[PDB]
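Trainee: Just dropping this structure here.
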Amino acid sequence: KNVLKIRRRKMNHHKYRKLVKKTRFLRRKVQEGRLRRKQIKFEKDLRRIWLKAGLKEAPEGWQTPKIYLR
Amino acid sequence: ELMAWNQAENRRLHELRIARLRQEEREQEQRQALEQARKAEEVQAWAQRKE
Amino acid sequence: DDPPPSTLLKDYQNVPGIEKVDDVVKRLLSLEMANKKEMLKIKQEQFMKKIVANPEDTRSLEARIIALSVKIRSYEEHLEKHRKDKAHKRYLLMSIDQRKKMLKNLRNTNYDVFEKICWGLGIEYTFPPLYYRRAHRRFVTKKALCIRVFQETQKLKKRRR
Amino acid sequence: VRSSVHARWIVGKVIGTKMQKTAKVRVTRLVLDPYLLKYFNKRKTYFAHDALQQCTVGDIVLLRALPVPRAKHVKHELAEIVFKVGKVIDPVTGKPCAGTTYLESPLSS
Amino acid sequence: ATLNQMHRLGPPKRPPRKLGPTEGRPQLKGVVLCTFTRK
Amino acid sequence: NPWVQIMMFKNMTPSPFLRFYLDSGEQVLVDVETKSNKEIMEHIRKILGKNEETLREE
RNA sequence: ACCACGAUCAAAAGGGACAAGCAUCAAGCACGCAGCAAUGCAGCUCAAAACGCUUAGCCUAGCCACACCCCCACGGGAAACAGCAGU
Ligand SMILES: NC(=O)c1ccc[n+]([C@@H]2O[C@H](COP(=O)([O-])OP(=O)(O)OC[C@H]3O[C@@H](n4cnc5c(N)ncnc54)[C@H](O)[C@@H]3O)[C@@H](O)[C@H]2O)c1
Ligand SMILES: [K+]
Ligand SMILES: [Mg+2]
Ligand SMILES: [Mg+2]
Ligand SMILES: [Mg+2]
Ligand SMILES: [Mg+2]
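The listed protein sequences correspond, in order, to chains 3, U, L, N, J and T. Under the entry's author numbering, the first residue of the first sequence is numbered 128, with each subsequent residue one higher. Under the entry's author numbering, the first residue of the second sequence is numbered 104, with each subsequent residue one higher. Under the entry's author numbering, the first residue of the third sequence is numbered 65, with each subsequent residue one higher. Under the entry's author numbering, the first residue of the fourth sequence is numbered 4, with each subsequent residue one higher. Under the entry's author numbering, the first residue of the fifth sequence is numbered 31, with each subsequent residue one higher. Under the entry's author numbering, the first residue of the sixth sequence is numbered 59, with each subsequent residue one higher.
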């Protein structure tokens with residue numbers, strides 16, 4: 128078997144793990160912003176649904192849950 | 104005419120099937136009699152053991 | 065319901081003169097003084113007498129269904145007490161799958177016997193789902209909203225007309 | 004000249020009965036793969052009017068074209084049930100059967 | 031693969047050809063911005 | 059016969075058979091038990107197959 | 001035919017068939033049915049690829065689409081060679 132491929136996988140993974148440690152704080156903010164945009168997009172899709180259906184507002188009693196916030 | 108011929112062929116095959124099934128029934132009766140005798144013999148001895 | 069513990073074992077139920085023995089022998093030859101497998105055998109014989117036309121034929125699809133149903137009930141009784149038994153959970157789920165497959169074959173081949181099996185064993189035959197896909201949070205929420213919006217539109221159209 | 008529906012006679016398996024007086028039936032045809040030159044089944048769904056609601060999921064039925072479609076998707080009617088699910092009568096001998104086995108012997112009659 | 035698998039997958043789908051520096055064109059016009067030498 | 063719907067069924071009856079459905083509503087049953095495949099082909103050709111003369115005219 | 005009997009040709013409507021890539025586009029969100037109607041049922045499509053994005057005139061005795069733009073053209077932008085020659 129080629130041990131060099133296993134070594135290259137080891138180097139790439141170790142290099143990757145170093146980067147996530149270095150930029151850990153930056154990554155968390157980016158993920159939080161991405162999740163906020165995801166929730167907004169989901170809400171817009173739901174709103175498009177009831178708007179096309181004809182209703183001027185959401186169905187009575189409906190509240191769009193936050194399905195992406197931890 | 105062709106449909107009539109096809110029905111006649113079906114009827115002929117049905118008669119042949121009846122003959123074959125009658126032979127099968129006869130053989131099955133003989134084999135079933137033998138197996139039933141064996142089953143009764145086995146049950147008798149097993150019951151006597153449990154007695 | 066389980067057979068009474070005073071019931072005789074399947075193997076000693078036809079020996080001539082079993083009713084002329086002492087009470088101690090009757091206890092020794094009953095379900096009271098045996099393991100659960102004899103009780104399951106008596107359950108199987110009871111179901112076979114109640115359902116199948118020829119209770120001596122154990123190779124028929126109905127007989128196999130009855131036997132596996134008794135085995136499934138045994139597994140469920142085990143798992144009520146043994147909640148963390150993963151192996152027996154697997155055995156129960158696999159036995160349920162096998163019984164469903166046999167029930168499908170019986171329904172396709174002999175509907176009258178299929179109905180008799182369903183009534184006698186208290187089995188509710190269900191058809192399998194057409195699609196196997198994850199019902200994640202987004203899809204579930206969207207489907208609930210869509211059903212609500214359809215209901216609201218129906219109310220509005222009834223009001224209009 | 005007798006109907007505007009393309010498929011005049013078709014045979015299928017009933018896959019749904021949840022609509023009133025309407026059976027959802029799956030029809031399979033043989034289509035040649037141009038590259039492999041092998042025949043594979045191609046499936047199509049048809050709605051058949053069942054006035055008596057006598058169709059059950061899994062039975063093999065014959066559908067006959069309506070002279071004109073009675074609804075958006077209902078262009079056929081149930082001519083007969085070829086095979087009742089679990090209640091097959093052998094056409095060759097006329098006796099009940101369960102799969103490959105006779106429920107009633109042909110010799111009995 | 032089996033015949034069923036080959037039917038399911040269908041004919042091979044060769045990827046679109048990658049466009050080169052000229053963008054699939056014989057020649058291009060250009061304005062010289064700077065001249066230099068490379069090793 | 060590209061426009062004829064052919065459909066197969068397996069182990070549904072004790073014996074094999076063919077059934078043809080005609081545009082007039084008539085049904086043709088051909089028992090094929092004990093018959094070779096060539097015999098079945100010849101029989102169906104004879105009863106429901108266009109003869110050579112019709113093909114030559116076409 | 002012209003007087004039509006009907007042929008030829010061919011619209012609208014109904015049924016069927018029909019390009020490529022992406023499943024990191026996997027769910028669509030009212031997409032069904034029955035009843036003369038009132039109304040009732042909750043259904044319909046989809047991993048055998050629905051829904052969606054991107055690409056491209058096509059299956060060439062020829063066919064399809066467009067005719068400056070707003071798909072359409074009451075109306076609006078605005079003043080039109082994708083007819084020939086020409087710039
Ligand atoms: N996707 C289905 O729900 C489904 C339903 C009926 C039959 N099948 C058959 O299963 C085979 C795999 O289909 P695919 O390539 O599109 O799936 P896939 O692997 O690409 O995944 C798509 C979805 O299908 C499910 N799936 C995957 N394998 C399946 C299987 N053997 N049976 C049922 N569901 C499965 C997955 O859960 C997933 O949600 C196919 O031959 C297909 O005919 C799939
Ligand atoms: K245009
Ligand atoms: Mg038209
Ligand atoms: Mg111009
Ligand atoms: Mg225009
Ligand atoms: Mg010009």
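Using N, Cα and C, we set each Cβ at its ideal position, and we do this for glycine too.
Where does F214 (chain L) sit, in a helix, a strand or coil, going by DSSP?
Mentor: Within the third sequence, numbered from 1, the residue matching residue 214 (chain L) stands at position 150. DSSP places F214 (chain L) in helix when its eight states are reduced to three.
Trainee: Indicate whether at least one CB of chain L lies closer than 8 Å to the CB of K90 (chain N).
Mentor: Reading the fourth sequence from its first residue, position 87 is the one you call residue 90 (chain N). True, the Cβ-Cβ gap to chain L drops below 8 Å.
Trainee: Report all residues from its chain with a CB closer than 7 Å to the CB of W149 (chain U); omit the five preceding and five following residues, and keep chain order.
Mentor: Within the second sequence, residue 149 (chain U) is the residue found at index 46, counting from 1. Answer for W149 (chain U): no residue qualifies.
Trainee: With a threshold of 7 Å, establish whether the CB of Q151 (chain U) neighbours any heavy atom of ligand 7.
Mentor: As presented, the structure is devoid of ligand 7, carrying ligand 1, ligand 2, ligand 3, ligand 4, ligand 5 and ligand 6 as its sole ligands.
Trainee: Under 8 Å, Cβ to Cβ, is there at least one residue of chain L near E132 (chain U)?
Mentor: Taking the second sequence and counting its residues from 1, the one referred to as residue 132 (chain U) is at position 29. Not one chain L Cβ lies under 8 Å of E132 (chain U).
Trainee: In chain 3, which residues lie with their C-beta within 7 Å of the C-beta of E216 (chain L)?
Mentor: Translated into positions along the third sequence, residue 216 (chain L) becomes position 152. Simply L182, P186.
Trainee: Taking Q110 (chain L) as part of the alpha helix (DSSP H), name the residues at either end of that continuous run.
Mentor: Here residue 110 (chain L) refers to the residue found at position 46 when the third sequence is read from its first residue. That run of the alpha helix (DSSP H) goes 100 to 114.
Trainee: If you compare alpha carbons, which of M103 (chain L), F111 (chain L), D75 (chain L), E120 (chain L) is closest to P68 (chain L)?
Mentor: Taking the third sequence and counting its residues from 1, the one referred to as residue 68 (chain L) is at position 4. It is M103 (chain L) whose Cα lies nearest to the Cα of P68 (chain L).
Trainee: Pop quiz: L125 (chain L) and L170 (chain L) are said to be a contact at Cβ under 8 Å. What is the actual Cβ separation, rounded to whole angstroms?
Mentor: For this step, residue 125 (chain L) is matched to residue 61 along the third sequence. For this step, residue 170 (chain L) is matched to residue 106 along the third sequence. Rounded, the Cβ-Cβ distance is 5 Å, consistent with contact.
Trainee: If I follow the unbroken alpha helix (DSSP H) through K164 (chain L), where does it start and stop?
Mentor: Indexing the third sequence from 1 puts residue 164 (chain L) at position 100. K164 (chain L) -> alpha helix (DSSP H) spans 150 to 173.
Trainee: Measure the alpha-carbon distance for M99 (chain T) versus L106 (chain T) and round it to whole angstroms.
Mentor: Sequence index remark: in the sixth sequence, residue 99 (chain T) carries index 41 (1-based). Sequence index remark: in the sixth sequence, residue 106 (chain T) carries index 48 (1-based). Cα to Cα, the separation comes out at about 11 Å.
Trainee: Under a Cβ-count criterion, where at least 16 other Cβ atoms within 10 Å of its own Cβ denotes burial, should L185 (chain L) be classed as buried or exposed?
Mentor: Within the third sequence, numbered from 1, the residue matching residue 185 (chain L) stands at position 121. Result: buried.
Trainee: Determine, using beta carbons only, whether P94 (chain N) and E107 (chain N) come nearer to each other than 8 Å.
Mentor: One-based indexing of the fourth sequence puts residue 94 (chain N) at position 91. One-based indexing of the fourth sequence puts residue 107 (chain N) at position 104. No; because the gap between Cβ atoms is not below 8 Å, this pair is not in contact.
Trainee: Contact defined as beta carbons within less than 8 Å: I believe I136 (chain L) pairs with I181 (chain L). What is the distance between those atoms, to the nearest angstrom?
Mentor: One-based indexing of the third sequence puts residue 136 (chain L) at position 72. One-based indexing of the third sequence puts residue 181 (chain L) at position 117. Wrong, their Cβ atoms sit about 13 Å apart, outside the cutoff.
Trainee: Under a three-way DSSP split, which group does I92 (chain N) fall into?
Mentor: Walking along the fourth sequence from the start, residue 92 (chain N) turns up at place 89. The answer is strand: DSSP assigns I92 (chain N) an E or B state.
Trainee: Is it buried or exposed, residue 57 (chain L), if we count other Cβ atoms within 10 angstroms and call 16 or more buried?
Mentor: There is simply no residue 57 (chain L) to check, as chain L begins at 65 and stops at 225 in what is shown.
Trainee: Count the other CB atoms, across all protein chains shown, that sit within 10 Å of the CB of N34 (chain J); report buried if there are 16 or more and exposed otherwise.
Mentor: Along the fifth sequence, one-based indexing puts residue 34 (chain J) at 4. Per the 10 Å Cβ criterion, exposed.
Trainee: What does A136 (chain U) touch in chain L if you count any residue whose Cβ is under 9 Å from its own?
Mentor: Position 33 of the second sequence, counted from the first residue, corresponds to residue 136 (chain U). Those do not exist, as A136 (chain U) stays about 17 Å from chain L at its closest Cβ, beyond 9 Å.
Trainee: Please confirm if the stretch 36 to 54 of chain N is in contact with the stretch 65 to 82 of chain N, defined as three or more CB-CB distances below 8 Å between the two stretches.
Mentor: Counting Cβ pairs under 8 Å, three or more are found: they touch.
Trainee: Using a cut-off of 8 Å between C-beta atoms, extract the partners of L110 (chain N) located in chain U.
Mentor: The residue you call residue 110 (chain N) lines up with position 107 of the fourth sequence. Per Cβ cutoff of 8 Å: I121, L124, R125, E128.
Trainee: Could you confirm whether any beta carbon from chain N is found closer than 8 Å to the beta carbon of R202 (chain L)?
Mentor: Residue 202 (chain L) sits at position 138 when you count from the first residue of the third sequence. Answer no: the Cβ-Cβ gap between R202 (chain L) and chain N never drops below 8 Å.
Trainee: Closest to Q85 (chain T) by C-alpha separation, out of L65 (chain N), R32 (chain N), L110 (chain N), would be which residue?
Mentor: Along the sixth sequence, read from residue 1 onward, the residue named residue 85 (chain T) stands at position 27. For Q85 (chain T), the nearest C-alpha among the options comes from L65 (chain N).
Trainee: Between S73 (chain T) and chain N, is the shortest Cβ-Cβ distance under 8 Å, so that the two count as touching?
Mentor: One-based indexing of the sixth sequence puts residue 73 (chain T) at position 15. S73 (chain T) counts as touching chain N.
Trainee: Give a yes or no on whether 8 Å exceeds the smallest Cβ distance from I98 (chain T) to chain U.
Mentor: Start at 1 with the first residue of the sixth sequence, and residue 98 (chain T) comes out as number 40. Not one chain U Cβ lies under 8 Å of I98 (chain T).
Trainee: Leaving out the 5 sequence neighbours to the left and right, which residues in its chain are closer than 8 Å to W12 (chain N) when beta-carbon positions are compared?
Mentor: By 1-based counting over the fourth sequence, the position of residue 12 (chain N) is 9. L65, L66, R67, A68, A82.
Trainee: Determine contact between the stretch 210 to 221 of chain L and the stretch 141 to 154 of chain L, defined as no fewer than three beta-carbon pairs at a distance below 8 Å.
Mentor: No, the stretch 210 to 221 of chain L is not in contact with the stretch 141 to 154 of chain L.
Trainee: Strictly by DSSP, which residues pair up with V64 (chain N)?
Mentor: One-based indexing of the fourth sequence puts residue 64 (chain N) at position 61. In DSSP, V64 (chain N) forms a bridge with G15 (chain N), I84 (chain N).
Trainee: Compute the Euclidean distance between the alpha carbons of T173 (chain L) and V60 (chain N), then round it to the nearest angstrom.
Mentor: Here residue 173 (chain L) corresponds to residue number 109 of the third sequence, with the count starting at 1. Here residue 60 (chain N) corresponds to residue number 57 of the fourth sequence, with the count starting at 1. When rounded, the distance between both Cα atoms is 14 Å.
Trainee: If we define contact as Cβ-Cβ less than 8 Å, is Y175 (chain L) a contact residue for chain N?
Mentor: To locate residue 175 (chain L), count along the third sequence from 1; it is residue 111. Yes, its Cβ sits closer than 8 Å to a Cβ of chain N.
Trainee: Between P70 (chain N) and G83 (chain T), what straight-line distance do the alpha-carbon atoms span, to the nearest angstrom?
Mentor: For this step, residue 70 (chain N) is matched to residue 67 along the fourth sequence. For this step, residue 83 (chain T) is matched to residue 25 along the sixth sequence. Approximately 15 Å between the Cα atoms of the pair.
Trainee: Three Cβ pairs or more, each shorter than 8 Å: is that satisfied between the stretch 106 to 115 of chain U and the stretch 87 to 101 of chain T?
Mentor: Touching, per the Cβ criterion.
Trainee: Please list the terminal residues of the continuous beta strand (DSSP E) segment that includes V28 (chain N).
Mentor: For the purposes of this step, residue 28 (chain N) is taken as residue 25 along the fourth sequence, with counting starting at 1. Taken as a continuous stretch (DSSP letters only), the beta strand (DSSP E) holding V28 (chain N) covers 25 to 35.
Trainee: Can the beta-carbon of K45 (chain N) be found closer than 8 Å to that of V34 (chain N)?
Mentor: On the fourth sequence, residue 45 (chain N) is found 42 positions in, with the first residue counted as 1. On the fourth sequence, residue 34 (chain N) is found 31 positions in, with the first residue counted as 1. It is a contact, given that the beta carbons lie within the stated cut-off.
Trainee: Closest by CA to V85 (chain N), which one among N109 (chain T), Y79 (chain T), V62 (chain T), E116 (chain T)?
Mentor: Within the fourth sequence, numbered from 1, the residue matching residue 85 (chain N) stands at position 82. Among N109 (chain T), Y79 (chain T), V62 (chain T), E116 (chain T), the Cα nearest to that of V85 (chain N) belongs to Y79 (chain T).
Trainee: Quick one: give me the first and last residue of the alpha helix (DSSP H) that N139 (chain 3) is part of.
Mentor: In the first sequence, the residue the question calls residue 139 (chain 3) occupies position 12. Residues 130 to 149.
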